[PDB]
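Q:
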Amino acid sequence: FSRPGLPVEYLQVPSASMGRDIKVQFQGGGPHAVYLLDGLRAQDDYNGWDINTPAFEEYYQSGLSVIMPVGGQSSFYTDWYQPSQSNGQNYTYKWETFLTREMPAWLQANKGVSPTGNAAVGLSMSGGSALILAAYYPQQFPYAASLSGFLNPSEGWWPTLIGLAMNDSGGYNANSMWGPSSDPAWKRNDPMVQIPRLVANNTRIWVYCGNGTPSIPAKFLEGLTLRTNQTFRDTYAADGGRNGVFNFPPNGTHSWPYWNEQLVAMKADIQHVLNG
Numbered sequence: 001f002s003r004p005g006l007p008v009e010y011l012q013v014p015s016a017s018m019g020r021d022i023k024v025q026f027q028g029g030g031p032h033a034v035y036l037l038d039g040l041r042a043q044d045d046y047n048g049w050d051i052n053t054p055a056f057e058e059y060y061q062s063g064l065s066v067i068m069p070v071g072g073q074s075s076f077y078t079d080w081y082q083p084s085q086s087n088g089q090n091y092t093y094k095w096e097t098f099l100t101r102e103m104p105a106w107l108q109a110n111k112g113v114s115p116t117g118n119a120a121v122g123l124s125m126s127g128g129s130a131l132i133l134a135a136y137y138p139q140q141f142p143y144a145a146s147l148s149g150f151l152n153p154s155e156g157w158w159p160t161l162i163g164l165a166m167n168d169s170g171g172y173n174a175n176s177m178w179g180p181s182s183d184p185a186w187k188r189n190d191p192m193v194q195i196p197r198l199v200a201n202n203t204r205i206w207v208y209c210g211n212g213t214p215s222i223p224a225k226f227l228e229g230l231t232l233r234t235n236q237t238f239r240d241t242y243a244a245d246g247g248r249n250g251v252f253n254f255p256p257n258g259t260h261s262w263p264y265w266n267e268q269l270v271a272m273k274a275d276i277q278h279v280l281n282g
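Residue numbering for the sequence shown is 1 to 215, 222 to 282, as defined by PDB author numbering.
#1: Could you give the distance in angstroms between the alpha-carbon of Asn281 and the alpha-carbon of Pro223?
#2: Over what stretch of residues does the alpha helix (DSSP H) that includes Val24 continue unbroken?
#3: How many Å lie between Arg20 and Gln85 at the Cα?
#4: Would you give the residue range spanned by the alpha helix (DSSP H) that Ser176 belongs to?
#5: Here's the rule I'm using: 16 or more other beta-carbon atoms within 10 Å means buried, otherwise exposed. How should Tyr10 be labelled?
#6: Between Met18 and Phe98, how many whole angstroms is the CB-CB distance? I'm expecting something under 8 angstroms.
#7: My output table needs one value for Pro69: the three-state DSSP class, helix, strand or coil.
#8: Is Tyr93 near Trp80, with beta carbons less than 7 angstroms apart?
#9: In chain order, which alpha helix (DSSP H) runs of at least 4 residues are fully inside the region 117 to 178?
#10: Hey, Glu57 and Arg101: beta-carbon distance below 7 angstroms or not?
#11: Alpha carbon to alpha carbon, what distance is there between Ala174 and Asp168?
#12: My assumption, with CB atoms under 8 angstroms, is that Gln12 sits in contact with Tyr46. Please give the rounded CB distance.
#13: Which residue or residues does DSSP assign as beta-bridge partners of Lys94?
#14: Distance check for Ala130 and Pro83, CA to CA, integer angstroms please.
#15: Please report the straight-line C-alpha distance between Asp50 and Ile132, rounded to a whole angstrom.
#16: What does DSSP give as the partner residues of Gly212 in its beta bridges?
#17: Can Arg204 and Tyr264 be called in contact, C-beta distance under 7 angstroms?
#18: Could you check whether the region 244 to 256 touches the region 177 to 193, counting it as contact only if at least three pairs of C-beta atoms, one from each stretch, sit closer than 8 angstroms?
#19: Alpha carbon to alpha carbon, how far is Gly210 from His260? Give it in angstroms, no decimals.
#20: So, are the CB atoms of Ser74 and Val113 less than 7 angstroms apart?
#21: Taking CB distances under 7 angstroms as the criterion, tell me whether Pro14 reaches chain B.
#22: Compare the C-alpha of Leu37 against each of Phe238, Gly127, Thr116, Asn52 and name the closest.
#23: Looking only at its chain, what residues have a beta carbon closer than 8 angstroms to the beta carbon of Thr213, apart from the 5 residues adjacent to it on each side?
#24: When DSSP labels each residue in this structure, what does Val270 get in the three-state scheme?
#25: Do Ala165 and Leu40 have their C-beta atoms closer together than 7 angstroms?
Shown next, in the form of structure tokens:
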């Protein structure tokens with residue numbers, strides 16, 4: 001979708017913590033950057049944002065760099081306890097370490113991208129991830145967006161539902177990631193639980209949730231997902247949050263066209279927060 005000729009590079013960025021090189025699609029355009037995180041079925045060739053949207057073209061000459069890490073199927077962009085126990089994964093996912101230490105160090109030294117003052121933007125799987133990244137690394141991420149995110153992953157049925165989704169997407173094991181649902185890692189990585197961090201740090205947060213996919223069990227799931235997002239909004243407000251944008255248009259969909267529309271819509275917001 002992005003027109004050809006844009007200054008998009010394909011970088012090999014070593015991850016010491018994962019023992020392998022991570023491919024990163026990169027468009028330079030300023031010291032502060034938008035980190036575009038992929039969904040549950042993240043591929044190893046291209047980030048879903050580049051496959052499905054004109055994101056690079058839309059942010060060309062925005063005054064912001066654009067970073068699209070490639071890979072991490074079912075990873076939740078988190079640091080796992082162990083290699084996924086069932087599908088033969090022969091290393092441990094350490095994607096939080098990659099995104100908060102290894103990759104920004106690489107981009108600082110080699111490109112001049114600032115490790116501080118950036119935006120994390122995620123969808124589906126990574127909507128919660130973006131918020132968690134800002135919750136724990138507020139200097140790196142004064143801005144976070146969650147598009148159709150799952151924002152109370154530790155609560156009720158959600159750890160089991162997440163486990164089911166991860167198994168469907170490449171046979172990954174949620175127990176290898178954050179342990180049993182009683183493990184402290186589930187609450188650590190739950191955006192709802194970490195709302196006080198988002199408030200204390202005055203993070204700019206952009207939260208979108210659609211009402212369905214363009215295409222009954224799915225209808226129940228989507229209603230539950232919207233309700234979790236609305237509860238997140240309500241809890242954020244109750245805990246003193248004052249720096250959020252909450253987009254719940256009834257005709258909004260869970261689709262790459264609407265997630266792209268949100269990415270374009272938030273551009274001015276990110277520019278104002280990161281570049282003043």
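For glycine and all other residues, C-beta sits at the position ideal for the given N, C-alpha and C.
A: According to the data block:
#1: Your numbering for residue 281 matches position 275 in the sequence shown. Your numbering for residue 223 matches position 217 in the sequence shown. Whole-angstrom Cα-Cα distance: 43 angstroms.
#2: Here residue 24 corresponds to residue number 24 of the sequence shown, with the count starting at 1. Counting along the chain, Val24 falls outside any alpha helix (DSSP H), though it belongs to the beta strand (DSSP E) covering 20 to 27.
#3: In the sequence shown, residue 20 corresponds to position 20, counting from 1. In the sequence shown, residue 85 corresponds to position 85, counting from 1. Rounded to whole angstroms, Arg20 to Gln85 spans 19 angstroms at the Cα level.
#4: Taking the sequence shown and counting its residues from 1, the one referred to as residue 176 is at position 176. Taken as a continuous stretch (DSSP letters only), the alpha helix (DSSP H) holding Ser176 covers 174 to 178.
#5: Against the sequence shown, residue 10 aligns to sequence position 10. So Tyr10 ends up on the exposed side.
#6: In the sequence shown, the residue the question calls residue 18 occupies position 18. In the sequence shown, the residue the question calls residue 98 occupies position 98. Confirmed, Cβ separation roughly 7 angstroms.
#7: On the sequence shown, residue 69 is found 69 positions in, with the first residue counted as 1. DSSP places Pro69 in strand when its eight states are reduced to three.
#8: The residue you call residue 93 lines up with position 93 of the sequence shown. The residue you call residue 80 lines up with position 80 of the sequence shown. Yes. Within cutoff.
#9: 125 to 136, 158 to 168, 174 to 178
#10: On the sequence shown, position 57 is the one that residue 57 refers to. On the sequence shown, position 101 is the one that residue 101 refers to. No.
#11: Taking the sequence shown and counting its residues from 1, the one referred to as residue 168 is at position 168. Taking the sequence shown and counting its residues from 1, the one referred to as residue 174 is at position 174. Whole-angstrom Cα-Cα distance: 11 angstroms.
#12: Within the sequence shown, the letter at position 12 stands for residue 12. Within the sequence shown, the letter at position 46 stands for residue 46. About 15 angstroms; that fails the 8 angstroms criterion.
#13: Here residue 94 refers to the residue found at position 94 of the sequence shown. Beta-bridge pairing links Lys94 to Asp79.
#14: Position 83 of the sequence shown, counted from the start, is the residue given in the question as residue 83. Position 130 of the sequence shown, counted from the start, is the residue given in the question as residue 130. Cα to Cα, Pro83 sits roughly 23 angstroms from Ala130.
#15: Along the sequence shown, read from residue 1 onward, the residue named residue 50 stands at position 50. Along the sequence shown, read from residue 1 onward, the residue named residue 132 stands at position 132. Approximately 23 angstroms between the Cα atoms of the pair.
#16: Sequence index remark: in the sequence shown, residue 212 carries index 212 (1-based). DSSP lists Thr259 as partners of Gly212.
#17: Indexing the sequence shown from 1 puts residue 204 at position 204. Indexing the sequence shown from 1 puts residue 264 at position 258. Cβ atoms of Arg204 and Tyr264: not closer than 7 angstroms.
#18: no
#19: To locate residue 260, count along the sequence shown from 1; it is residue 254. To locate residue 210, count along the sequence shown from 1; it is residue 210. For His260 and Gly210, the distance between alpha carbons rounds to 5 angstroms.
#20: As a first step, residue 74 is located in the sequence shown; it is residue number 74 there, counting from the start. As a first step, residue 113 is located in the sequence shown; it is residue number 113 there, counting from the start. In this structure, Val113 does not lie closer than 7 angstroms to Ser74 by Cβ.
#21: The structure shown contains no chain B; it is built from a single protein chain.
#22: Against the sequence shown, residue 37 aligns to sequence position 37. Nearest option by C-alpha distance: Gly127.
#23: To locate residue 213, count along the sequence shown from 1; it is residue 213. The answer, listed in chain order, is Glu228, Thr259, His260, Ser261.
#24: Here the question's residue 270 lines up with position 264 in the sequence shown. It is helical.
#25: Mapped onto the sequence shown, residue 165 falls at position 165. Mapped onto the sequence shown, residue 40 falls at position 40. Going by C-beta atoms, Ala165 is nearer than 7 angstroms to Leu40.
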